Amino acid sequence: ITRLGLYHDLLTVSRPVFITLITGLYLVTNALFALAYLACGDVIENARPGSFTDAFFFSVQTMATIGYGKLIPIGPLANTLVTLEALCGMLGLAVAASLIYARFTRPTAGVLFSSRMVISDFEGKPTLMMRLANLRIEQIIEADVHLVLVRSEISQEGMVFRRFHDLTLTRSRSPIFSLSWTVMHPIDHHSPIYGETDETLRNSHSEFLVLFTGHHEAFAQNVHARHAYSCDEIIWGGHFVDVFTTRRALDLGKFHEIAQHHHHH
């Protein structure tokens, strides 16, 4: 949806990219300090005068507290920039190990959603179904799923607006979620999609959110995934194909396979 109007770029991207961004910050800080050492004369013993190289590889050994010995500071000016850079490379370490420990605990759910939903007959009634799989060895316990219809309806005083329905499922918790789960909304008289058709959904501008949480044994943290389906992505009459080949195996290759009947025109 398009926006309107009314430092904080605390962002986490690729692992390679993160390691460079942090390499980068370590250099430019070392350079800013080198500059400043030169910018009070030449206050580094054993340092070649009017050199960046020497005052930089001094900062490095001061921020990293290597303190190697040869390159030391000279009386009260550079001994002030040495106490400021001691702090910077101890806060620097703390922010780095923050971001690191943070990133190590912002974990992906590794939950695969079926490419489509189906409406087809299960225990006597037309039933809206979709399925999700765990892409990992490590189990997800206390896993809950919500299947929410959102669509356009009208009120008494017009103001024609957007309503949410939490579709009753045959089962909304998987006590351990390990392999695959087929989430089923039976379409009985109570259902907000009773009597509805491909066309009647399309008109109401009907979408289905599948919202998924569980506790991940992998991360010892709670984990979240969602997916949205349009009327376009429901195969009326479709049956998901068994993904459990027999000896007991689970083929995620069959995960998005749906069997429909085609009619003898």
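Counting begins at 1, following the sequence as shown.
According to the entry, the stretch of the deposited sequence that connects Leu6 to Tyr7 contains 4 to 9 residues lacking coordinates, which leaves a gap of moderate length in the model. Higher average CA B factor: 15 to 23, of the stretches 15 to 23 and 249 to 257. Comparing 216 to 224 with 50 to 58, the higher mean C-alpha B-factor in the PDB entry belongs to 50 to 58. In this entry, the residue among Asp121, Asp166, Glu142, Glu153 with the greatest C-alpha B factor is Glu153. Of all the options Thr182, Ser114, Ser174, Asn79, the entry's greatest CA B-factor is assigned to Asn79. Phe161: CA B factor lies in the highest third for its chain, per the PDB record. When all modelled residues of the chain are sorted by CA temperature factor, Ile235 is found within the lowest third. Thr105: CA B factor in the highest third of modelled residues in this chain (values from the PDB entry). In this PDB entry, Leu211 carries a Cα temperature factor that places it within the lowest third of its chain's modelled residues. When the CA B factors of the chain's modelled residues are split into thirds, the value for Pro186 lands in the lowest one.
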